[PDB]
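The next block holds one structure in the form of structure tokens; read it before the comments.
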Amino acid sequence: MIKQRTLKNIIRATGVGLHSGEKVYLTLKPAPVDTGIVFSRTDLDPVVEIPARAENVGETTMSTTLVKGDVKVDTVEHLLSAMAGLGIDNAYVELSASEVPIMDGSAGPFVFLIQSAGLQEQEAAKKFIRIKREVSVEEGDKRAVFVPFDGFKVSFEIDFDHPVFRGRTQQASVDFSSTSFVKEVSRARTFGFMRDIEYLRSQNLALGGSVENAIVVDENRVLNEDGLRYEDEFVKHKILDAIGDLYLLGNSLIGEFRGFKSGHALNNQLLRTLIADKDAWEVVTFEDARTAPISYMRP
Ligand SMILES: CS(=O)(=O)CC[C@@H](N)C(=O)Nc1cccc(OC(F)(F)F)c1
Ligand SMILES: [Cl-]
Ligand SMILES: [Mg+2]
Ligand SMILES: [Zn+2]
């Protein structure tokens, strides 16, 4: 049977909150079968646990935030992308503050942390959600859709005026496995637009934001092409974000996601629309590994 996975070891890291600019202490811990990913705010008394589930997503701009009452965890998308990428079913994520550390602005540092802690197979069937019927949402001319597909395919197109994009759209698609996630998408940084970052900095926001965690762009271009890791890196980052957002399903997905100018808000609308549409998906488990669609990093 394809087994559920947790971490083999407790593993700690330190980084800066993207908005706070202050140190955050991150602890990844093993968790029992059927826990899913649980964020835990250990700076609070009592401790506040928020399951990484679609229903717990708060309404925020340009990042995925989890909310329980007045308590929040900001910027969960990159860590959840790494958890999805290496097939981590079950873990506690402890934080000293309301933000996941931004690290280098990709999932790379998180992949290194999870890899290094090691993958522990657990004595329970891994549950997958198989898309059974097409589900789409539209907002203006933005679109996000799931369709049935035997695998995990994530496709994305973006279209912007800014001269950095050279008058054209950026398109990319990943046929997802642990290997293709790590290689094609995991280190992709987003564009930090100088005009936007300066505006946020005047409000004592994005204090942790810099060339260390974004590709900085001026009125016309990437200032340092040196800092680029991929072609069409911006859309490859959109795929990274999506994989992290789609993991708020609480299980590995079997089907195809196509995003047209989508983002965290519309991804979350699609997710919640799919969950509410009970005949459009089913939970499956696999007794013979060799007939499962998705390749994951061997433990
Ligand atoms: C733009 S998006 O829709 O792709 C969403 C991107 C979002 N997931 C993200 O990674 N933002 C991000 C990362 C590092 C720095 C930063 O702030 C800075 F540096 F830009 F201010 C912002
Ligand atoms: Cl479409
Ligand atoms: Mg239906
Ligand atoms: Zn991102």
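Note: Cβ is positioned from N, Cα and C throughout, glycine not excepted.
According to Swiss-Prot, the feature active site, proton donor maps to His264, an assignment based on sequence analysis. Other Cβ atoms within 10 Å of the Cβ of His264 (active site, proton donor), summed over all protein chains shown, number 21.
Annotated Zn(2+) binding site per Swiss-Prot: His78, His237, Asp241, in sequence order, evidence recorded as sequence analysis. Residues within less than 8 Å, Cβ to Cβ, of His237 (Zn(2+) binding site) and separated from it by at least 6 positions along the same chain comprise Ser106, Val185, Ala188, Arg189, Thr190. Secondary structure at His237 (Zn(2+) binding site), taken from DSSP and collapsed to helix, strand or coil, is helix.
Using the Cβ center of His78, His237, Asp241 for Zn(2+), the list of other same-chain residues with Cβ within 8 Å runs, in sequence order, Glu77, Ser81, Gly105, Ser106, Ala107, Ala188, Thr190, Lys238, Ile239, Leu240, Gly244. Comparing Cβ neighbour counts within 10 Å across the binding-site residues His78, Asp241, the minimum falls on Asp241.
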